[PDB]
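A quick note on method: Cβ atoms are made from the backbone with ideal geometry, for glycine too, and the neighbour counts reach across all protein chains shown. Each reported figure results from applying straightforward, stated rules to the coordinates on display, with no laboratory input.
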Amino acid sequence: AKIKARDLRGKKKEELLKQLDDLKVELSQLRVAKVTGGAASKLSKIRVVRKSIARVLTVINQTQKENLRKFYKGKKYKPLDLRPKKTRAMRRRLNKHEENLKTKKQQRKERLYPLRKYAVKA
Amino acid sequence: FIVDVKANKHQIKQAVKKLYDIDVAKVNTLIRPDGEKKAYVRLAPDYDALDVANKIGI
Amino acid sequence: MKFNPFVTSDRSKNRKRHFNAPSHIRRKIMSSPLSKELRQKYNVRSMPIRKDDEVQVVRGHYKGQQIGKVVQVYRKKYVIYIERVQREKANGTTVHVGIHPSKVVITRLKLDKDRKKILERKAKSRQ
Amino acid sequence: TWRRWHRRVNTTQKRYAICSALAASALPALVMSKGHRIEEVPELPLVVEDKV
Amino acid sequence: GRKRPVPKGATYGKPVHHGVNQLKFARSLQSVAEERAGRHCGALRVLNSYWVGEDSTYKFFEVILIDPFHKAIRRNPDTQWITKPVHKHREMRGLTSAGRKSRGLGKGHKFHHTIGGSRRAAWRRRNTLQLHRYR
Amino acid sequence: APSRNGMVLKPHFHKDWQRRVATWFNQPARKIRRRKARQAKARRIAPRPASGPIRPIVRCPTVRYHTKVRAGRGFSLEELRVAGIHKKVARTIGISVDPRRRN
Amino acid sequence: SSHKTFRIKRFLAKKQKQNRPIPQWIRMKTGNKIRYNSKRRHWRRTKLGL
Amino acid sequence: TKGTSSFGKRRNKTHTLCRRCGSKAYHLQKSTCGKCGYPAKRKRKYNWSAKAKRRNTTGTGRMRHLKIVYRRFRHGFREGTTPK
RNA sequence: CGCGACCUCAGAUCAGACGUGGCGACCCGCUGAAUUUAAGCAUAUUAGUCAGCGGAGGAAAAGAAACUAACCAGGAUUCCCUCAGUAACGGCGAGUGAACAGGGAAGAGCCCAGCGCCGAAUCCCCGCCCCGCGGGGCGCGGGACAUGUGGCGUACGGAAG
RNA sequence: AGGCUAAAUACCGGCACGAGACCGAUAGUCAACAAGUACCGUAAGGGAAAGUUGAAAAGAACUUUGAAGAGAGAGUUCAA
RNA sequence: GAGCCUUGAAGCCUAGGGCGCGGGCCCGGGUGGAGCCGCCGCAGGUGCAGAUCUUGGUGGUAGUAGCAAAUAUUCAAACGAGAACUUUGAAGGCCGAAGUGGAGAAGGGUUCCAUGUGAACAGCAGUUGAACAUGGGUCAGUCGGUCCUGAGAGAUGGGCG
RNA sequence: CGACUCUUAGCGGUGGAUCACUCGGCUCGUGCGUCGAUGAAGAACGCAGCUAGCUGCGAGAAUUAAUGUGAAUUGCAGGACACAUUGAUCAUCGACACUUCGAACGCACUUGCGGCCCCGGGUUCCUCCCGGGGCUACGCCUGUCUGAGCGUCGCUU
Ligand SMILES: [Mg+2]
Ligand SMILES: [Mg+2]
Ligand SMILES: [Mg+2]
Ligand SMILES: [Mg+2]
Ligand SMILES: [Mg+2]
Ligand SMILES: [Mg+2]
Ligand SMILES: [Mg+2]
Ligand SMILES: [Mg+2]
Ligand SMILES: [Mg+2]
Ligand SMILES: [Mg+2]
Ligand SMILES: [Mg+2]
Ligand SMILES: [Mg+2]
Ligand SMILES: [Mg+2]
Ligand SMILES: [Mg+2]
Ligand SMILES: [Mg+2]
Ligand SMILES: [Mg+2]
Ligand SMILES: [Mg+2]
Ligand SMILES: [Mg+2]
Ligand SMILES: [Mg+2]
Ligand SMILES: [Mg+2]
Ligand SMILES: [Mg+2]
Ligand SMILES: [Mg+2]
Ligand SMILES: [Mg+2]
Ligand SMILES: [Mg+2]
Ligand SMILES: [Mg+2]
Ligand SMILES: [Mg+2]
Ligand SMILES: [Mg+2]
Ligand SMILES: [Mg+2]
Ligand SMILES: [Mg+2]
Ligand SMILES: [Mg+2]
Ligand SMILES: [Mg+2]
Ligand SMILES: [Mg+2]
Ligand SMILES: [Mg+2]
Ligand SMILES: [Mg+2]
Ligand SMILES: [Mg+2]
Ligand SMILES: [Mg+2]
Ligand SMILES: [Mg+2]
Ligand SMILES: [Mg+2]
Ligand SMILES: [Mg+2]
Ligand SMILES: [Mg+2]
Ligand SMILES: [Mg+2]
Ligand SMILES: [Mg+2]
Ligand SMILES: [Mg+2]
Ligand SMILES: [Mg+2]
Ligand SMILES: [Mg+2]
Ligand SMILES: [Mg+2]
Ligand SMILES: [Mg+2]
Ligand SMILES: [Mg+2]
Ligand SMILES: [Mg+2]
Ligand SMILES: [Zn+2]
């Protein structure tokens with residue numbers, strides 16, 4: 001038996017939670033098998049069990065994050081983990097509109113007196 | 001049992017009652033010098049520690 | 001002569017990248033030539049070797065007419081191991097002799113759909 | 001790092017050395033004493049066509 | 001003027017520097033007021049400042065501060081120069097009017113000590129032992 | 001410390017000059033940078049000529065260089081008014097304009 | 001000292017985790033030259049000092 | 001009675017492991033650190049000790065956020081994820 | 001006595017947003033010695049540096065003259081070669097030490113307070129509709145700032161009716 | 001006595017990068033290696049030593065003396 | 001230099017042969033296993049007998065001094081290949097309650113306990129240990145911290161800088 | 001005659017000098033400009049089946065998801081061996097997660113002591129009752145709420 005991410009991303013959370021609980025029950029039973037001696041064919045199994053627990057938790061958190069973004073998208077004052085992350089200087093960028101926003105005198109000056117294209121040989 | 005250090009007597013008692021379906025009389029905790037917590041969980045007299053140990057596999 | 005200034009001629013840098021290259025680079029490093037009839041039939045110079053390739057060894061202590069199937073590819077040691085090529089220890093236990101895959105002539109490849117796509121890209125790029 | 005590495009030469013001496021090297025390239029004894037194999041080679045400095 | 005912070009007026013040097021009582025502090029008190037205002041409120045931007053009072057001891061200034069994140073200042077692009085991060089803490093780098101007047105720059109024959117940028121840049125360009133490949 | 005008949009020398013090396021040694025090891029580097037800057041300007045900017053704006057005939061202020069001639073800065077607004085064109089219209093045509101130059 | 005705060009027992013617990021020799025299989029690995037633990041602290045010669 | 005009889009009285013440690021740089025320098029009797037200056041808001045650095053900068057400046061620990069800042073700057077801080 | 005308006009203020013875990021700290025090779029602001037030299041040592045040199053403190057950016061600073069010059073005049077700042085180890089400072093001792101030209105890289109210029117004219121024609125915020133992808137920006141209705149002065153027209157090269 | 005502005009300029013920190021009339025484990029960075037590590041001082045701080053088997057461990061099966069360390073035979077390797 | 005070579009380069013040794021006045025060099029013989037030299041020009045971090053020279057190693061001393069502060073050990077047996085020292089029986093002594101006894105604070109950090117080994121450690125020795133390897137061991141409403149202030153240290157208001 | 005002492009040579013013994021090699025430094029030049037209140041640099045603790053250090057990570061802990069390549073990692077048993085299902089390792093990383101201290105932020109910090117709001121079981125509800133989740137640092141900007149004056153004024157008793 002295997003645990004695939006494409007298999008996990010299609011199921012509902014009420015089945016993912018029960019499958020995660022089953023994985024943690026197997027986690028605890030193979031921890032008991034790790035503490036006791038004669039269970040040597042179970043240690044790669046507890047390795048792939050804890051990797052599967054990580055996979056199921058990752059799929060659940062991906063589903064919760066996209067489900068949050070589906071209704072925080074397009075809303076004013078979206079939360080801090082959903083705001084862009086990039087770096088602090090890129091947060092203190094003004095805007096593309098605030099960068100392109102020009103005063104009326106300079107706009108009318110560029111309207112009246114534009115830059116020309118030419119060549120001077122003859 | 002061996003417990004993470006961020007837990008207390010009440011969390012150990014609730015964890016044992018909600019996992020092993022058994023009642024707990026008391027919990028005595030010490031810090032094992034390797035870095036973990038050693039918890040002595042004494043059960044109710046209605047339950048049998050040998051039967052619980054055989055069901056959990058130790 | 002090297003003309004692109006973004007690639008090294010430095011001996012230390014080349015040996016560093018060679019002996020610390022990751023496994024997907026080491027697969028390209030451990031490439032092996034092909035026999036003359038197989039390169040005539042496929043129009044390709046050389047292929048990376050895998051687990052189920054048949055091997056004739058051309059140089060070393062074992063040379064020629066010893067077509068055998070490889071079993072292990074240590075990319076950490078840059079060594080393939082061949083089932084036919086044996087050497088006894090002191091205690092009568094056999095062990096495979098270390099053979100570098102550049103001194104290896106492949107006589108039979110492994111057929112796979114991925115290797116058909118690789119061979120088609122090789123033939124299309126060789127043109 | 002501030003050793004006096006690069007040494008300026010007079011351009012007249014540069015052109016003098018170029019003219020001296022090109023003049024010494026014409027004598028067969030000098031180039032045979034440098035060691036180029038000019039046994040079966042035809043006439044000194046070789047001039048090939050514009051199709052080359 | 002300022003008093004030298006050495007203990008008991010002892011300098012421990014040549015007789016050039018025993019004048020503990022008189023160090024007269026090349027920055028102006030208007031620049032000191034700009035420093036104190038902007039450093040107490042680093043979120044603001046010190047534009048300028050002006051004198052409003054004196055009696056004997058306390059000199060009184062009023063300092064104008066610009067808020068680089070209010071929308072009326074982030075718009076109106078005759079003001080967006082101070083929102084840029086190269087104008088953070090003008091009062092402690094010496095970029096205001098009192099700051100420039102304390103630095104002592106300007107065009108003229110009276111300002112060859114700081115010939116360009118700053119007096120340390122002028123010192124750098126005048127004591128750079130410049131060397132070339134070909135000499 | 002001094003010696004036989006030689007010139008009195010006062011070198012200015014008492015200051016710690018070893019920290020501030022600017023040696024032109026990047027002189028061909030700056031040459032290649034500035035070649036690429038001029039070529040990238042002539043490619044990307046315009047079919048305008050290199051050294052775009054036109055400079056005036058200007059006499060050098062001296063009793064030494066005033067017999068010679070110099071390319072100045074701008075065309076001295078009275079001159080530009082006699083030529084009969086607007087200021088920024090001249091600047092976009094390619095005329096270099098300096099409002100300080102008198103006549 | 002027989003009674004002390006929790007950070008000191010965390011430090012002593014990590015030092016007890018440190019105090020163990022090299023196992024027999026790491027020296028058997030490929031390209032290894034570690035033969036014995038040079039960071040081996042003995043409780044008489046070297047004192048950690050809190 | 002100046003040396004070896006006076007070394008035996010050394011019993012009460014003045015410095016204890018601080019909690020910002022962890023180098024056994026938090027002077028308990030003064031409630032301050034001897035290396036970083038813990039009740040001060042800023043790290044205690046100087047220019048007379050270049051080796052202290054060599055020990056304490058960046059590039060000697062994880063840089064668990066600063067390395068992935070480099071890793072995101074190598075492409076330009078993308079927000080889209082992947083194609084199919 | 002009470003109610004209301006304005007002005008000075010306090011409170012909050014009020015809504016939204018901002019500064020702290022680190023690196024600091026380059027850059028900016030302050031102040032800041034002595035070893036060394038002067039064969040001694042005080043002025044001087046070391047040095048307006050070393051150390052100390054405060055700040056930001058990939059550059060920083062400076063930058064459109066209260067300029068240079070004094071003749072057939074030039075014309076923002078920066079960088080290089082010259083000027084020049086020169087004018088000059090200095091127990092005129094040791095030593096320190098520019099600038100204007102001139103030739104090159106670079107070239108880009110501008111805005112505001114005042115003066116009057118426009119019935120504040122101006123900006124911030126709140127709520128719903130018009131909107132497209134990966135997302136936030138114009139238009140509708142009322143809450144504030146602002147007449148102790150928003151914005152347009154204006155900049156010493158003149159400007160306005 | 002109010003303000004902005006890119007270019008030429010600087011960079012021994014950082015991310016990759018290419019070259020060398022340079023050095024060769026007492027040299028070159030303190031550090032080619034589990035190096036600011038071991039260790040020292042209460043602390044500020046100080047601060048090392050340390051590369052190489054073989055082509056592949058094929059690292060010596062087995063006999064024998066001694067309890068073993070070790071040794072004599074035998075064997076692998078072009079070479080013990 | 002169509003230089004030298006895995007049919008053996010550099011390096012090292014040599015009661016071998018020789019040259020030059022000398023700096024040094026060439027050849028032979030023995031280990032070694034992968035690079036080296038001659039001429040002409042060029043550039044050096046370019047030659048060691050010293051510096052109470054720096055680093056590293058090794059002799060005479062030298063199997064020498066020294067294993068001497070605190071009254072003392074002796075017999076038999078046992079595990080063991082091995083006993084002046086390990087364990088037990090017995091005898092004789094010491095510490096003699098202000099202890100060579102039973103437990104604590106600071107400090108140490110696993111040294112506490114069991115099992116196994118005895119190259120390494122203990123200044124001889126071990127079958128022994130605080131050495132080494134493996135596995136265990138610290139359980140609190142009522143013991144203490146946590147609460148309180150003492151001498152004192154301290155932030156805000158305020159002031160200075 | 002032997003013993004002791006001296007000089008060579010052969011062989012043997014701590015010693016690692018010379019020679020040869022370099023995943024290392026040093027110097028120079030070019031390209032880009034990049035931390036943090038959406039928790040920086042640094043530190044503590046923990047994580048592998050056998051795992052002390054370095055390296056890599058943060059209770060999803062020797063890496064998760066996705067893309068690309070395409071049959072391995074490896075010292076040892078095991079595990080997925082499947083590829084006319086989805087696929088091991090490796091690199092990229094653009095999506096999730098990132099314990100505690102730390103500008104460190106409820107207080108000083110002894111992992112102690114709190115205070116609000118919500119949810120689950122404990123006498124089905126506060127009354128100093130267990131677990132879980134969110135908030136609770138300073139200064140300051142714009143706007144909202146409340147009130148202070150014998151600061152100035154209007155209307156009225
Ligand atoms: Mg190199
Ligand atoms: Mg010269
Ligand atoms: Mg003389
Ligand atoms: Mg000096
Ligand atoms: Mg210590
Ligand atoms: Mg006495
Ligand atoms: Mg605090
Ligand atoms: Mg003297
Ligand atoms: Mg003197
Ligand atoms: Mg001076
Ligand atoms: Mg300094
Ligand atoms: Mg700062
Ligand atoms: Mg930056
Ligand atoms: Mg400026
Ligand atoms: Mg003189
Ligand atoms: Mg001077
Ligand atoms: Mg003007
Ligand atoms: Mg001005
Ligand atoms: Mg200005
Ligand atoms: Mg610039
Ligand atoms: Mg060597
Ligand atoms: Mg060393
Ligand atoms: Mg090898
Ligand atoms: Mg041989
Ligand atoms: Mg010679
Ligand atoms: Mg020398
Ligand atoms: Mg050299
Ligand atoms: Mg010598
Ligand atoms: Mg001598
Ligand atoms: Mg000596
Ligand atoms: Mg000796
Ligand atoms: Mg004796
Ligand atoms: Mg004697
Ligand atoms: Mg004694
Ligand atoms: Mg017996
Ligand atoms: Mg016996
Ligand atoms: Mg008695
Ligand atoms: Mg008593
Ligand atoms: Mg006693
Ligand atoms: Mg014991
Ligand atoms: Mg035993
Ligand atoms: Mg002994
Ligand atoms: Mg031990
Ligand atoms: Mg009880
Ligand atoms: Mg105080
Ligand atoms: Mg205050
Ligand atoms: Mg050595
Ligand atoms: Mg995956
Ligand atoms: Mg909560
Ligand atoms: Zn600290």
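Yes/no per residue for (1) assigned to a loop (DSSP other than H, G, I, E, B); (2) within 16 Å of ligand 1 (Cβ to nearest atom); (3) among the hydroxyl-bearing types (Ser, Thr, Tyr); (4) within 30 Å of A:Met90 (Cα to Cα):
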{"residue": "H:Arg19", "(1), (2), (3), (4)": "yes, no, no, no"}
{"residue": "H:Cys36", "(1), (2), (3), (4)": "yes, no, no, no"}
{"residue": "H:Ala52", "(1), (2), (3), (4)": "no, no, no, no"}
{"residue": "H:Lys84", "(1), (2), (3), (4)": "yes, no, no, yes"}
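Among the residues in region A:103-115, are any closer than 27 Å to H:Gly80 by Cβ, away from ligand 5 (no atom under 16 Å from the Cβ) and aromatic (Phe, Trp, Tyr)? No; the residues of region A:103-115 include none that is closer than 27 Å to H:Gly80 by Cβ, away from ligand 5 (no atom under 16 Å from the Cβ) and aromatic (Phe, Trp, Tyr). Restricting A:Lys70, A:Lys65, A:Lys42 to residues that are closer than 30 Å to A:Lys13 by Cβ, away from chain H (no Cβ under 14 Å) and under 16 Å from the mean Cα position of the chain (by Cα) narrows the list to A:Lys70. Right, E:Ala72: surrounded by 14 or more Cβ atoms within 10 Å (Cβ to Cβ), among the small types (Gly, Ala, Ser) and within 14 Å of another protein chain (Cβ to nearest Cβ) or not? No, not satisfied. Only one entry in F:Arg38, F:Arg43, F:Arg33 is over 20 Å from the mean Cα position of the chain (by Cα), more than 14 Å from every other protein chain (Cβ to nearest Cβ), within 30 Å of F:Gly94 (Cβ to Cβ) and outside any loop (DSSP other than H, G, I, E, B), namely F:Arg43. Pairs meeting the criteria (first residue in region G:1-24 and in a helix (DSSP H, G or I), second residue near RNA strand L (Cβ under 6 Å from one of its atoms), beta carbons under 6 Å, at least 6 apart or on different chains) are G:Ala13/B:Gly35. Looking across region F:5-59, the residues that are loosely packed, with under 12 Cβ neighbours inside 10 Å and small (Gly, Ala, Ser) come down to F:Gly6, F:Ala29, F:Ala37, F:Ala40, F:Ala50, F:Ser51. Any chance region H:19-30 includes a residue that's more than 14 Å from chain G (Cβ to nearest Cβ), exposed (fewer than 15 other Cβ atoms within 10 Å of the Cβ) and more than 16 Å from ligand 43 (Cβ to nearest atom)? Yes, region H:19-30 contains a residue that is more than 14 Å from chain G (Cβ to nearest Cβ), exposed (fewer than 15 other Cβ atoms within 10 Å of the Cβ) and more than 16 Å from ligand 43 (Cβ to nearest atom). For the residues G:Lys47, G:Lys39, G:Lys14, G:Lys9, the requirement of being within 6 Å of RNA strand L (Cβ to nearest atom) and either within 12 Å of another protein chain (Cβ to nearest Cβ) or touching a strand residue (DSSP E or B) at 6+ places or on another chain (Cβ under 7 Å) (or both) singles out G:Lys14. Among the residues that make up region H:37-44, is at least one of them within 30 Å of A:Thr87 (Cα to Cα) and among the aliphatic types (A, V, I, L, M)? Yes, region H:37-44 contains at least one residue that is within 30 Å of A:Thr87 (Cα to Cα) and among the aliphatic types (A, V, I, L, M).
Tell me whether region C:10-21 contains one or more residues that are free of Cβ contacts under 8 Å to residues at least 40 places away in the same chain, within 14 Å of another protein chain (Cβ to nearest Cβ), away from ligand 50 (no atom under 16 Å from the Cβ) and exposed (fewer than 12 other Cβ atoms within 10 Å of the Cβ). Yes; the residues of region C:10-21 include at least one that is free of Cβ contacts under 8 Å to residues at least 40 places away in the same chain, within 14 Å of another protein chain (Cβ to nearest Cβ), away from ligand 50 (no atom under 16 Å from the Cβ) and exposed (fewer than 12 other Cβ atoms within 10 Å of the Cβ).
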